Amino acid sequence: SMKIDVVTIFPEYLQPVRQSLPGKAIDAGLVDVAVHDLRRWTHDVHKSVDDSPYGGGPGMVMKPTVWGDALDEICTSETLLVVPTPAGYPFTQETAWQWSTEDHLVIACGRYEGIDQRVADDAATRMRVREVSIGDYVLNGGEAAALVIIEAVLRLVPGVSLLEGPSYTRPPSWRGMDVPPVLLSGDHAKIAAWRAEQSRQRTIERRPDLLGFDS
Amino acid sequence: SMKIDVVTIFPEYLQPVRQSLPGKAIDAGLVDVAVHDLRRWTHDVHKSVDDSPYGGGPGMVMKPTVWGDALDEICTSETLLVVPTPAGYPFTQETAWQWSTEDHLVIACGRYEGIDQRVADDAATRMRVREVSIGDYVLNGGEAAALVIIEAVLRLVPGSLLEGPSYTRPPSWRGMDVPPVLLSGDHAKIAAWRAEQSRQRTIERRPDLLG
Ligand SMILES: NC(=O)c1ccno1
Ligand SMILES: NC(=O)c1ccno1
């Protein structure tokens, strides 16, 4: 079993849904996903979680005090604390495999301007902390990135390179477009060869970096 | 006045939520987002959406006849058809900016093994088609990637180096002080300090961005 806690000011957005990969995982008892409203650890009447940045700049920064209290209650020294951010280390397939063996993930969802950096630094003194980016784009907060991380990790939990080329299924002809004959041929070796070629051809066109080329 | 149609076999999972950025934009009438259940266009009582891959192998491939019908109904000549897939061109900030000014986005969510390639190939003869990956990892399907694309695009709708650490009150917290420069009132010095913090963080976390 794995435990995933998600902490956010948008709990409804993160609520697990039965008809999904994580929903199935939960229903199969392979993971328990709990979502927590950050505002649960506020004290003021207006339940404030952010404040203007020191030193100036646009937007707001999430308060360290509120987060400090939330992670105190939720994390232990065994927790892997995940903090999605466009400024993070890259989250990759290797990361997903690694996190798929973790007992307890806690995902701190905050606006992209940041949680006050002292939260992560403080946490780092008692648990492992991973600030990570799921890609080279900006989201308003870590919520959608949390959903992506959960999806990528859970499909790897026991009991649940190059680009893959095109795939086909029935019928063999459709709207005047035919399935590549080799795929119909039953010749496993020629098919493996064809798919390896297609894969390399797609990779060089769409992701030349993966093959050690420019752009 | 952007229209986004999403097609998926998991419509609940993708149902917009009021308490979220997309929900706020929807509530503010800056975008219309429609979620369509792909099974509306299935032909059999079993409501079949995929089938075994030609040439063999594990997994399933989504049926072209079903997707062909769905896209025929939903897409127009002005549509930009988005297909999230780990085999796609990279989706980046530049992409999100481009797509932010589109009139009609249709996002086709499929399992990662793929939609029969003829669907995209056929659609591309009467509309613009973009197969894109949101990152170097595999998801079971394009659903979560659709959410990310929608978040990245919508926050840009009128309506480098990494960013360094940020701080707010209180000035001292659990033994840690906000960098005094930030309180100095020397705004040119602050900008230079932030640049150096950005450089150091980029070196440490994303060396690839420096070349
Ligand atoms: N690129 C990202 O992972 C991200 C997280 C929050 N906002 O953007
Ligand atoms: N990396 C991706 O965008 C993706 C889409 C579906 N599965 O993975």
Side-chain angles (χ1 to χ4, degrees), chain A residues 6-10 13-14 20-21 59 62 82-96 107-115 120 130-156 161-164 167 206-207 210, chain B residues 6 8-10 13-14 20-21 59 61-62 82-96 107-115 130-156 160 162-163 166 205-206 209:
Chain A
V6 184
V7 181
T8 169
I9 63 171
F10 297 108
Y13 190 42
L14 260 290
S20 58
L21 183 278
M62 301 201 89
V82 178
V83 189
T85 164
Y89 300 90
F91 174 85
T92 67
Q93 189 67 56
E94 168 176 64
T95 319
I107 308 178
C109 298
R111 56 189 300 146
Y112 85 97
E113 297 90 338
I115 298 164
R130 306 285 182 264
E131 308 193 69
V132 298
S133 167
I134 61 165
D136 288 321
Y137 38 78
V138 172
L139 315 176
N140 259 331
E143 279 77 19
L147 288 166
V148 163
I149 288 163
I150 286 164
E151 289 269 359
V153 171
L154 285 189
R155 62 178 295 274
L156 301 184
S161 327
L162 307 170
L163 300 187
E164 266 273 332
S167 54
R206 297 182 181 185
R207 296 287 310 277
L210 285 181
Chain B
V6 186
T8 173
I9 68 173
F10 295 114
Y13 187 52
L14 290 186
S20 56
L21 170 73
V61 173
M62 309 208 89
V82 179
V83 188
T85 164
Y89 295 84
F91 173 81
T92 67
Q93 195 55 45
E94 181 184 29
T95 319
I107 306 177
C109 303
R111 58 185 300 147
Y112 84 95
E113 299 92 338
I115 298 172
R130 306 291 182 262
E131 315 191 79
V132 294
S133 166
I134 58 157
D136 288 331
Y137 37 77
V138 168
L139 317 175
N140 256 24
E143 278 74 23
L147 287 170
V148 163
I149 289 167
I150 288 162
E151 293 265 8
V153 179
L154 284 188
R155 74 177 284 281
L156 302 177
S160 326
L162 299 186
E163 221 77 19
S166 54
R205 301 183 180 181
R206 298 288 307 275
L209 295 187

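In each ligand, atom 1 is the first atom listed, and ligand 1 is the first ligand listed. Order of the sequence lines sets the chain letters (A, B, ...), proteins ahead of strands, with each chain counted from 1.
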### Query
Can you list the steps and then say if A/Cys109 with A/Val6 is a side-chain contact (heavy atoms from CB on, under 4.5 Å)?
CA-CA 7 Å; A/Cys109 298; A/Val6 184; 3.8 Å; yes
#### Entry: Contact check, side chains of A/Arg207 and B/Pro90, non-hydrogen atoms, under 4.5 Å
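Yes, side chains in contact.
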### Message
Other residues, nucleotides and ligands only: do more than 12 of their heavy atoms fall within 6.0 Å of CD on A/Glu164?
### Response
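Count not over threshold, so no.
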#### Entry: Heavy-atom neighbours of B/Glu151 CD exceed 12 at 6.0 Å
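Above 12, so yes.
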### Task
State whether a side-chain donor-acceptor pair under 3.5 Å links A/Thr8 with A/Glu143.
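Checked: A/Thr8/A/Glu143 side chains pair up, N/O donor to acceptor below 3.5 Å.
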### Query
Taking any residue with a non-hydrogen atom under 4.0 angstrom from an atom of ligand 1, which ones do you get?
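Within 4.0 Å of ligand 1, the protein residues are A/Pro84, A/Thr85, A/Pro86, A/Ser133, A/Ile134, A/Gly135, A/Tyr137, A/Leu139, A/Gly141, A/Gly142.
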### Message
A cation-pi test, strictly: NZ or CZ of B/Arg155 under 6.0 Å from the centre of the six-membered ring of A/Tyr112 and no more than 45 degrees from its axis. Yes or no?
### Response
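Pair B/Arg155/A/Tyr112 counts as cation-pi.
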